[PDB]
Amino acid sequence: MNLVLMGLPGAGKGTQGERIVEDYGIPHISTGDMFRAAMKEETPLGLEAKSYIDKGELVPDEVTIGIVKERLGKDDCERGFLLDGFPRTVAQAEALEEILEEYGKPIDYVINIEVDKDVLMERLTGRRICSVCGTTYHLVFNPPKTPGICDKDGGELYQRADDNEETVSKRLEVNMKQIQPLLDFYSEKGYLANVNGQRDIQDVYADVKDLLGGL
Ligand SMILES: Nc1ncnc2c1ncn2[C@@H]1O[C@H](COP(=O)(O)OP(=O)(O)OP(=O)(O)OP(=O)(O)OP(=O)(O)OC[C@H]2O[C@@H](n3cnc4c(N)ncnc43)[C@H](O)[C@@H]2O)[C@@H](O)[C@H]1O
Ligand SMILES: [Mg+2]
Ligand SMILES: [Zn+2]
């Protein structure tokens with residue numbers, strides 16, 4: 001089960017991905033998460049990516065493709081994987097084609113979680129994340145049982161640094177320019193699947209899960 005999740009900032013990649021990996025046990029690979037992990041560990045990669053991430057800009061293709069190529073070669077991707085937020089540019093998509101062709105693991109489905117851009121600002125500014133496990137909540141749409149703490153581990157919740165009005169707007173602008181070219185690319189490949197992500201989380205997942213049977 002080789003999957004790719006794409007969508008505009010805040011569309012629900014992390015939320016849907018969490019559910020996919022629990023049911024199928026494939027590794028959840030988020031380039032966003034990888035960059036932030038690096039930023040925390042303060043590796044040279046982390047510091048370099050930080051400049052772009054903080055501004056809402058895309059981290060350059062070369063270094064991004066590099067960390068994904070290495071990640072996909074790990075033993076835990078033997079039975080499949082869930083790419084989240086990558087590819088994000090046609091260039092990345094073409095590179096991934098070569099990478100998976102070398103690894104012998106072609107993509108089964110590219111799932112595009114479609115959400116109207118006009119509601120994404122609310123989704124991100126209201127997002128709260130667990131500092132311990134990374135699962136996300138929303139002040140209005142999916143609030144924690146107790147304000148400021150994770151239902152699972154009791155860890156303190158926080159607001160991602162780039163989830164502010166200015167940066168969110170920038171992220172939306174930047175990623176808007178990549179959507180259509182990416183959709184056309186995979187639609188041409190023959191395995192693009194569009195899912196209406198503007199419904200309750202479990203309703204969205206039902207459609208996502210419908211695509212995974214037999215993989
Ligand atoms: N390939 C690449 N190339 C170059 N640069 C790269 C790169 N990949 C990453 N980067 C860099 O890294 C940065 C960060 O990347 P990344 O972390 O991947 O940013 P993103 O694409 O903007 O996605 P988000 O994490 O913000 O949102 P999501 O879709 O997972 O949503 P979630 O499930 O949390 O949901 C959001 C909120 O909505 C709520 N929610 C979820 N579903 C619903 C629903 N159905 N109804 C109502 N609310 C919902 C949630 O509770 C939550 O509060 C980029 O800006 C870029 O700089
Ligand atoms: Mg995410
Ligand atoms: Zn947690």
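Residues numbered from 1 in each chain as written, not as in the entry; some residues may be left out. Chains lettered and ligands numbered in written order. Heavy atoms only, no water.

The deposited coordinates, according to the entry record, derive from X-ray crystallography at 1.800 Å resolution.

Asks: Whenever I open this one, a negative patch on the surface confuses me. Can you help?
Replies: Together, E94, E98, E101 and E102 give the surface a local cluster of negative charge. For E101, the position within the fold is in helix α5 (residues 90-103). (Patch = residues over 30% accessible without salt bridge, like charges linked within 9 Å, V, L, I, M, F, W, Y side chains within 5 Å. Areas by Shrake-Rupley, 256 points an atom, 1.4 Å probe, with all protein chains shown as cover. Salt bridge = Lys/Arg side-chain N within 4 Å of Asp/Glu carboxyl O. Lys, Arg positive; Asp, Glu negative; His and termini not counted. Charge placed at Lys NZ, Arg CZ, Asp CG, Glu CD. Helix = DSSP H or I, 4+ residues; strand = E, 2+ residues; numbered from the N terminus.)

Asks: I'm lost on the side chain of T167 in this one. Help?
Replies: Considering the arrangement of structural elements, one finds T167 in helix α7 (residues 165-189). Take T167: its relative accessible area is 6%, and that puts it in the buried class. Apart from residues lying up to four places away in sequence, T167 is in contact with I53, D54, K55, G56 and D162. (Buried < 20%, exposed > 50% of the residue type's maximum accessible area, 1.4 Å probe, protein only. Contact = heavy atoms within 4.5 Å.)

Asks: Is there a simple way to explain the site of ligand 1 in this structure?
Replies: For ligand 1, the set of nearby residues contains 32 residues, the closest of which are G14, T15, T31, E57 and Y137. At 2.8 Å, a side-chain N or O of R171 approaches an oxygen atom of ligand 1. Isolated, ligand 1 exposes 1,100 Å² of accessible area, and the fraction of that covered by the protein chains is 96%. Where the shell around ligand 1 is concerned, the elements lending two or more residues are α1 (13-24), α2 (31-41), α6 (120-125) and β6 (136-138). At four residues, α2 tops the list of elements feeding residues into the shell around ligand 1. Partitioned by chemical class, the residues of the shell around ligand 1 number eleven nonpolar, twelve polar and nine charged. (Near = heavy atom within 4 Å. Polar contact = N/O pair within 3.5 Å; in protein donor to acceptor, adjacent residues only side chain to side chain. Nonpolar A, V, L, I, M, F, W, Y, C, P; charged D, E, K, R; others polar.)

Asks: Whenever I open this one, the coordination of the zinc ion (ligand 3) confuses me. Can you help?
Replies: For a metal with four tetrahedral donors the ideal donor-metal-donor angle is 109.5 degrees, while six octahedral donors give ideal angles of 90 or 180 degrees. Surrounding the zinc ion (ligand 3) are the protein donor atoms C130 (SG), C133 (SG), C150 (SG), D153 (OD) and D153 (OD), at 2.2 to 2.8 Å. Sequence spacing of the donors to the zinc ion (ligand 3): C-x2-C-x16-C-x2-D. What makes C133 partly exposed here is its relative accessible area of 38%. (Donors = N, O, S within 2.8 Å, 3.2 Å for Na, K, Ca; no water.)

Asks: Is there a simple way to explain the environment of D61 in this structure?
Replies: In this fold, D61 is placed in helix α4 (residues 61-72). Placed 31 residues apart in sequence, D61 and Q92 show a C-alpha to C-alpha distance of 6.4 Å. Those residues in contact with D61 that lie beyond four places of it in its chain are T89, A91 and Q92. Side-chain polar atoms of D61 contact the side chain of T89, separated by 3.1 Å.

Asks: Where do I start with unusual backbone geometry in this structure?
Replies: Most peptide bonds adopt trans geometry, and most residues besides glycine take a negative phi value. Here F86 and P87 are connected by a cis peptide whose omega angle stands at 0°. Residue position: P87 is located in the loop between β3 (81-84) and α5. Positive phi outside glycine occurs at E42, with the angle close to 55°. Relative to the helices and strands, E42 is located in the loop between α2 and α3 (44-55). By relative accessible area, which is 67% here, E42 ends up exposed.

Asks: What is the right way to look at the nonpolar core in this model?
Replies: Buried together is how nonpolar side chains tend to be arranged in soluble globular proteins. Residues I20, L72, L83, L96, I107 and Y186 are the most contacted members of the largest nonpolar core, which totals 50 residues. Per element, the largest residue contribution to this core is seven residues, and it comes from α7. Beyond its immediate sequence surroundings of up to four residues, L72 is in contact with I29, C77, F81, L83, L96, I99, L100 and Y103. (Core = buried A, V, L, I, M, F, W, Y, C linked by side-chain atoms within 4.5 Å.)

Asks: Mind showing me how you'd approach the pairing of strand β1 (residues 2-6) here?
Replies: Along a regular strand, successive side chains alternate from one face of the sheet to the other. For β1, the tally of buried residues reaches five of five residues, placing the bulk of the element in the interior. Because side chains alternate across β1, one face comprises the buried residues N2, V4 and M6, and the other comprises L3 and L5, equally buried. The pairing of β1 with β3 spans four bridges and is parallel. Bridging from a neighbouring strand, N2 pairs with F81 of β3. Inspection of the sheet shows β1 paired to strand β4 (residues 109-114) by four bridges, in the parallel sense. Bridged to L3 within β4 is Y109. (Pairing = 2+ DSSP bridges.)

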